[PDB]
Ligand SMILES: [Fe+3]
Ligand SMILES: [Fe+3]
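Residue numbers (full-length UniProt numbering), protein chains in the order written: chain A, 3 to 319; chain B, 3 to 319.
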């Protein structure tokens, strides 16, 4: 195949680094697979990665703990609003259990397209999550402590985008982005990668024309963008060219973000999309010891003291 | 100075090429300064340029006659909606006159921030224009036939953008784009290049949260983007970096568009902005004979017959 294939990673702005470890590792049972430090013009900021065992597309979660900038983002309508993990069928109560046990309030369990889910928030920034019973998801769960292999989530089921302009967003998914509407209930419209069988291939659009646009900038409490897996850099370039061709001339240059190749476009629904080529997480760290070594970026050669600043104010354990 | 300095060009999708010549040259009294042919994946499409004598920033108008694609764009709320020329004071009636004479209906003359204007449409696609009496505009009018030098427009006064999200758009103008709010009347908020004295430095934002978003894609009847003059490619790159830094990672690669260097970003108001470096219109054509030679692009080497297709169905006289 030669177009975007599935979801790849999602990227959110959170509070403290320890907040995320406590949540993504100790609560969700994901492996801490990479940690990096970059300089954002003012202060050092972590870029943390969380996935299954080896950072496979459709399970990767990336975070910028951004409590140390004053910026607090506004939940709103032109952004991703909810990230949804797939858990095995029958596992909801255990999750409600091992979530409440951790002090994380959960909400009214529901059904969405026939499958059960419950919502809850990242304790340290407010971002919205769900666990959803997918009997059709056969992906290998990562075996951590914290969560037994019987009940482990096995990657992302779907992401939910709030959008004010639905018609033109639908056009973009079908014509530029290799998705097709596969369902609709209420104001929720569900799109799936054309052809696919794998899980982690679902984007739900919430039509909310009424609602004020959310924050687009890097600020605490927000999902900054969603990324989609593309087989290689050629398909990437082609998607960029044809998408520019129809008018989205804001398709970015290809950026190396460490462990993947990224191009960014602002869709007519107001949501940043990424077309991503995968680089792996092992090329600079031992498989057995992922997430232990802090990869600090070359901008710190002149200001090493800031590394020490990040380690104590945003401590990682 | 080392930031964006003024307006540069505006780029609109129109009907037929003859439509634009009849309008921009024969009605507005602008010089036809360049004409090019490119291939858009389906059909040949002109890219026409209209300005003062030598294509100076703040007077350049570019058009894609797009009647030959079926696509008809939707006027709406996340786009540029009105382009405004500056005419001398006392000249409004002559214009109302030489516009009506040409069959172009004009509307209720008005006053905006103390200055008089009248609206009217491109006869061949529907796009909205204004002439506005600016006694403070001292730029050299181009001396065409069609319009006497006494009454000639001397460039763009302002552009008017409709936007649903005003607050975050204001933030973007001040913090990334070197503009500052200088006035407000009703739902019109006026921004001007920080510091400037020159004319052609004004962007008016119309706050319209109620209104459905317009078309973003290349389609007849729409303004696709506005471009802003930047002194050189270094300032350009810096603006790209700092703007990406706060979250607009969709800032495009620098593209050579023939007669200028362009980078594109989708602002939080939903409007495409360009940071433009100028290349001039003479580097490939004689000053005395601008707009006479059709510069066809290298994509036509394999399909020369399409050049002949454009010349007769979109004839230029
Ligand atoms: Fe990304
Ligand atoms: Fe442009």
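For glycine and all other residues, C-beta sits at the position ideal for the given N, C-alpha and C.
CA-CA distance, residue i and residue j?
{"i": "residue 148(A)", "j": "residue 29(A)", "result": "7 Å"}
{"i": "residue 204(B)", "j": "residue 79(A)", "result": "29 Å"}
{"i": "residue 238(B)", "j": "residue 300(A)", "result": "23 Å"}
{"i": "residue 50(A)", "j": "residue 250(A)", "result": "30 Å"}
{"i": "residue 121(A)", "j": "residue 97(A)", "result": "11 Å"}
{"i": "residue 283(B)", "j": "residue 256(A)", "result": "30 Å"}
{"i": "residue 177(A)", "j": "residue 198(B)", "result": "43 Å"}
{"i": "residue 60(B)", "j": "residue 288(B)", "result": "22 Å"}
{"i": "residue 36(B)", "j": "residue 290(B)", "result": "12 Å"}
{"i": "residue 2(A)", "j": "residue 183(B)", "result": "Because chain A is modelled from 3 through 319, residue 2(A) falls outside the range shown and cannot be assessed."}
{"i": "residue 39(A)", "j": "residue 143(A)", "result": "28 Å"}
{"i": "residue 228(B)", "j": "residue 12(B)", "result": "5 Å"}
{"i": "residue 8(A)", "j": "residue 132(A)", "result": "19 Å"}
{"i": "residue 314(A)", "j": "residue 246(B)", "result": "28 Å"}
{"i": "residue 224(A)", "j": "residue 14(A)", "result": "6 Å"}
{"i": "residue 295(B)", "j": "residue 74(A)", "result": "55 Å"}
{"i": "residue 235(B)", "j": "residue 276(B)", "result": "13 Å"}
{"i": "residue 264(A)", "j": "residue 281(A)", "result": "11 Å"}
{"i": "residue 241(B)", "j": "residue 81(B)", "result": "22 Å"}
{"i": "residue 130(B)", "j": "residue 188(B)", "result": "20 Å"}
{"i": "residue 232(A)", "j": "residue 180(A)", "result": "11 Å"}
{"i": "residue 286(B)", "j": "residue 56(B)", "result": "13 Å"}
{"i": "residue 261(B)", "j": "residue 167(A)", "result": "34 Å"}
{"i": "residue 72(B)", "j": "residue 165(B)", "result": "27 Å"}
{"i": "residue 266(B)", "j": "residue 254(B)", "result": "5 Å"}
{"i": "residue 118(B)", "j": "residue 112(B)", "result": "6 Å"}
{"i": "residue 319(A)", "j": "residue 58(B)", "result": "60 Å"}
Taking DSSP as the reference, what is the three-state secondary structure of residue i?
{"i": "residue 291(A)", "result": "helix"}
{"i": "residue 240(B)", "result": "helix"}
{"i": "residue 46(A)", "result": "strand"}
{"i": "residue 68(B)", "result": "coil"}
{"i": "residue 174(A)", "result": "helix"}
{"i": "residue 32(A)", "result": "coil"}
{"i": "residue 307(A)", "result": "helix"}
{"i": "residue 301(A)", "result": "helix"}
{"i": "residue 245(A)", "result": "helix"}
{"i": "residue 255(B)", "result": "coil"}
{"i": "residue 26(A)", "result": "helix"}
{"i": "residue 234(B)", "result": "coil"}
{"i": "residue 206(A)", "result": "strand"}
{"i": "residue 168(A)", "result": "helix"}
{"i": "residue 154(A)", "result": "coil"}
{"i": "residue 107(B)", "result": "coil"}
{"i": "residue 53(B)", "result": "strand"}
Looking at the unbroken beta strand (DSSP E) that takes in residue i, where does it start and where does it end?
{"i": "residue 274(B)", "result": "274-280"}
{"i": "residue 231(B)", "result": "224-231"}
{"i": "residue 20(B)", "result": "Premise fails: residue 20(B) lies in the alpha helix (DSSP H), 19-22, not in any beta strand (DSSP E)."}
{"i": "residue 134(B)", "result": "130-135"}
{"i": "residue 163(B)", "result": "158-165"}
{"i": "residue 11(B)", "result": "8-16"}
{"i": "residue 186(B)", "result": "181-187"}
{"i": "residue 266(B)", "result": "262-268"}
{"i": "residue 283(B)", "result": "No beta strand (DSSP E) holds residue 283(B); DSSP gives it neither H nor E."}
{"i": "residue 250(A)", "result": "From DSSP, residue 250(A) is part of no beta strand (DSSP E); its letter is neither H nor E."}
{"i": "residue 114(A)", "result": "112-114"}
{"i": "residue 332(B)", "result": "Chain B is shown from 3 up to 319; residue 332(B) falls before or after that span and cannot be answered."}
{"i": "residue 84(B)", "result": "81-89"}
{"i": "residue 119(A)", "result": "117-123"}
Could you spell out where the alpha helix (DSSP H) holding residue i opens and where it closes?
{"i": "residue 95(B)", "result": "94-102"}
Members of the stretch 95-112 of chain B that neighbour chain A once the beta carbon cut-off is set at 7 Å:
none
Neighbouring residues (CB closer than 5 Å to any heavy atom of ligand 1):
13(A), 229(A) and 276(A)
Please list, in chain order, the residues of the stretch 260-276 of chain A that have any C-beta partner in chain B closer than 7 Å.
266, 267, 268, 270 and 274
Which residues of the stretch 285-315 of chain A have a Cβ closer than 9 Å to any Cβ of chain B? Give them in chain order.
none
Check each residue of the stretch 3-23 of chain B: if its Cβ is closer than 8 Å to any Cβ of chain A, include it; give the result in chain order.
none
Any residues in the stretch 225-236 of chain B with a beta carbon nearer than 8 Å to a beta carbon of chain A? Which ones, in chain order?
226 and 227
In chain order, what residues of the stretch 188-218 of chain B put their CB closer than 8 Å to some CB of chain A?
211, 214, 215, 217 and 218
Along the stretch 145-166 of chain B, what residues have a CB closer than 8 Å to any CB found in chain A?
166
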